[PDB]
Amino acid sequence: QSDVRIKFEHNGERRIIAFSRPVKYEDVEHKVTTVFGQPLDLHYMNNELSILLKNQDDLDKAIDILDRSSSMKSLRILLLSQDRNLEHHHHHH
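Mapping the sequence shown onto the entry's author numbering, position 78 (from 1) lands on 78, and the numbers just tick up by one.
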């Protein structure tokens, strides 16, 4: 069992990206964040419950559930923009 296939969804668009284990949440975020840009939020949905990936702990929790399932092949991770960016320049007082 090598190469982790992760399916990312953004505004309906789908993308297939493979990862070589061991895979670190920090490393994945750095790569994904650059692909779609920043700042962005990582939303993970299993089926009935949804958990926001904040730390590596949440990352391993997702895999554990997937391993138990017979459909352990791809991952359903949806990322969405937080709407409105913070980058002011200048203004009158």
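Idealized CB from N, CA, C, for every residue including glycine.
In this structure, the straight-line span from the alpha carbon of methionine 72 to that of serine 20 is close to 16 Å. Look at the beta carbons and you see the segment 32-46 touching the segment 69-83: at least three pairs across the two are nearer than 8 Å. For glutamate 9, the secondary structure class from DSSP, reduced to helix, strand or coil, is strand. Residues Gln56, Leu59 of the same chain have their beta carbon placed closer than 6 Å to that of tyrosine 25, with the five preceding and five following residues left out of the count.
CA-to-CA, the gap between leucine 40 and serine 70 works out to about 31 Å. When the five nearest sequence neighbours on each side are left out, the beta carbons in the same chain lying within less than 6 Å of the beta carbon of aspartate 3 are those of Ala18, in order along the chain. The same chain holds no residue with a CB closer than 6 Å to that of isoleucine 63 once the five nearest residues on each side in sequence are set aside. Between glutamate 87 and the set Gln38, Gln1, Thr33, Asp27, the nearest pair of CA atoms involves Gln38.
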